[PDB]
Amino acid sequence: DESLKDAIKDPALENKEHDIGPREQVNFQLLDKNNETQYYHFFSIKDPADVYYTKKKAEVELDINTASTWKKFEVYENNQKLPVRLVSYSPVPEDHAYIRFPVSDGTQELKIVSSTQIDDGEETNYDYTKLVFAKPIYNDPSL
């Protein structure tokens, strides 16, 4: 149901632009349930993340590599599913999936439930990954 494996197959986002408008670099950490480094996500998600400002809510962009293996990728804000959408995709050998989602003001950490699968083998689930920004996010309408 809307996995990154199948989402990136849309040729409309073969190399679509996604760097227009105001943004700020924001560092973060990807931790597991024990507040220790979630390594697979640490290698996969680019740090720092770009946070694009809008009129309503700030939209954080996450650069996910090896998208062809990434199956499930759900982001939650205070145990509420955020609307994630694929904005652009770099083809192989780069294989980077750029996805965006809105975050309310003051939100410093998010919950990431995700999974990976190679072609059609063992589905490796990652039940809890904890994305924690170095500072809380705040949208700026004045830019």
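Don't overthink the numbering: it's just position in the shown sequence, from 1.
- Higher average CA B factor: 15-23, of the stretches 126-134 and 15-23.
- The entry lists a Cα temperature factor for residue 55 that places it in the highest third of the chain's modelled residues.
- In the PDB entry, residue 81 places in the highest third of its chain by CA B-factor.
- Among the modelled residues of the chain, residue 66 sits in the middle third by CA temperature factor in this PDB entry.
- The entry lists a Cα temperature factor for residue 87 that places it in the middle third of the chain's modelled residues.
- Looking at the C-alpha B-factors along this chain, the one for residue 34 belongs to the highest third.
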